[PDB]
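So this first bit is one chain, no partners, the form deposited in one PDB entry, shown in structure tokens.
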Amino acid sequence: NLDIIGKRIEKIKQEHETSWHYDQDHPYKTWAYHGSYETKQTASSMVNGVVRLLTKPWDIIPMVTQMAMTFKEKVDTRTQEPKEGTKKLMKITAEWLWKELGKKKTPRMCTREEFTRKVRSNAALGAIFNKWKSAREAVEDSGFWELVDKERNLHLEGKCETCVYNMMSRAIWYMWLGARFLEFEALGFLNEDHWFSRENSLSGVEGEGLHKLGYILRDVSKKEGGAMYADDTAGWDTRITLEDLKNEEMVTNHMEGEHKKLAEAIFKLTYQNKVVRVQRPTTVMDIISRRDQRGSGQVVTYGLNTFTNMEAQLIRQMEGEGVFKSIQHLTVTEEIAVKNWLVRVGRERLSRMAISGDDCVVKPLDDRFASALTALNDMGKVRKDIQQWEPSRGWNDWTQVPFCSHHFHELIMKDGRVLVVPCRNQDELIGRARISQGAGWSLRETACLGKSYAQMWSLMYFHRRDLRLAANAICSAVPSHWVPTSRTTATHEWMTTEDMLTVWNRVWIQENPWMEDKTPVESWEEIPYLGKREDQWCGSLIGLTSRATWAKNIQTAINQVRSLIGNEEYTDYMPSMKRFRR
């Protein structure tokens, strides 16, 4: 308690000595409360005019237009201590899983140099605005690194002064760049050295890319076993227990010297004890603490969510296979059975899963898994939108399974080769491309963001009639040489000025390990669509009068946007499609 967090608390107390007060009408039950101080400030979603002008038919579709308009009573809930059988299963499984992940990897510190390179190419490293303007400025000034140094030596001394969270089914915890560096130094290796790659973790998909996820699910489908299960957890980050945080910390067992001590301090001082500042309109700032739940960097959050989800799902698999009888207590011989299952079949069982943070797909040995719920519920990983003890409903066809907000189609090219393509409801794709975040966007910057969405559609969603047409229109309306941009950056092969057919050939043919015949495609007309009825099922407007008029008159829409941007060099990409080719 207050020995580990007191210093951070004491320090903030004094910067607002003229405003401190223990409020008696504080709304926290599960968060420990400490005091308040005076503040007064808030970032809504803005429309991308280039994309909206080239998607007119969607101006009258509420599922699109409502996306651009406009639970913190889950962060304030509590999770019970698991039983001794559950705690034992998790500790054995975690111990075994860090060793497998560590067999072909070496833990190591990430460097000021690596951190600097990140900030100078815009990665979302959740920092704050004070002393320096942006992240870019702090990194070049040696004053910063002295602040970093002071805290660093403080962590080696087992103490913390400035690693404090700021709060803002989503909840983001911005720290100051200094605390973010120290997190990156100790734990960045998990992401930087791809510990959750499929090659390394067998269940993971880190670095895999949307054009690979469908092929990975089809490979899992080829295993003998039961249905494919894809149960979502209700508020995964809120259900991370202190026992979860202690099994995650065991990665330090594989470290040495300084690194081991630096990593131990991050886990002890910032993860297993937290200090947070929250905006309350009644507007004051609340300084609240708690020991459990996830509140880390988004990138470290991803890897440890993947880790603990892999652990939970292997245990749910053990329960289905009858490896242990009850979570109340493991007998001595159940421990050796669990250990022996892991050594004997653990790697096979990891390969039956696709896990991306809190998101999983499992193809278990048989359907006993569906009603194996005691460990899953007792670990606190309670399923969303089903009653606690109701058996899971599985999927009989890998093409129906949801994963990373998509489903996947099997699409046969006129030449017989097989594409496995990512898909989701087309209203969601159009609605997202019509939104920008933040202020001060020039027309050129807005156009270059439209171009990023268009090239993503040409590479990932070419099989959707409306998106291939809208992508060609946007690429025709934005100057040919203007570089696609994004303010918050899987593998993003569409972020390039290279010809999109050349990039399509590299991603789907040359570099695709599921495509044996490497014959290049010579034109976009060789590249197939979904069936017309399947395209409508997945949200296409093909067949509507609005869509026909848009497609026929597309050059008029392209010319409207070209006239706004002005006298620039443009390319006509519409004749790459059969219907505009004379």
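Numbering starts at 1 and follows the sequence shown. Between two forms, the rigid core is the largest collection of C-alphas that superpose within 1.5 Å.
Compared with other entries of the same protein, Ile128 falls in the group left without coordinates by at least a third of them, where both flanks are modelled. Modelling of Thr489 is missing from a third or more of the other compared entries in which both of its neighbours are modelled. Counting the unmodelled positions of the deposited sequence between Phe129 and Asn130 gives a small gap of 1 to 3 residues. Look at the C-alpha B-factors of 212-220 and of 330-338. On average they run higher in 330-338. Looking at mean Cα B-factors across 538-546 and 24-32, the upper value is held by 24-32. By the numbers in the PDB entry, the CA B factor is greatest at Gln14 among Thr571, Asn567, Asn559, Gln14. The PDB entry gives the largest Cα B-factor of the residues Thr42, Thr519, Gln66, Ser523 to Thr42. The PDB entry assigns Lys414 a C-alpha temperature factor belonging to the middle third of its chain's modelled residues.
The entry lists a Cα temperature factor for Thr252 that places it in the middle third of the chain's modelled residues. Annotation for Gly431: CA B-factor lies in the lowest third of the chain's modelled residues. Among the modelled residues of the chain, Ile287 sits in the highest third by CA temperature factor in this PDB entry. The deposited CA B-factor of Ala171 belongs to the highest third of values across its chain.
If you look for the form deposited in another entry, you will not find it shown, but the lines that follow are about it.
Superposing the two forms on their core leaves just one of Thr79, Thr301, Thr399, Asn505 with a Cα displacement of at least 2 Å between this form and the one not shown, namely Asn505.
For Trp31, the Cα coordinates differ by under 2 angstroms between this form and the one not shown after the core has been superposed. Relative to the superposed rigid core, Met456 undergoes a CA displacement of at least 2 Å between this form and the one not shown. Residue displacement note: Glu334 has its CA displaced by under 2 Å between this form and the one not shown (rigid core superposed). In the other form, the Cα positions of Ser296 and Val382 lie at least 3 Å nearer to each other than in the form displayed. Compared with the form shown here, the C-alpha atoms of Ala234 and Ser296 sit at least 3 Å closer together in the other form.
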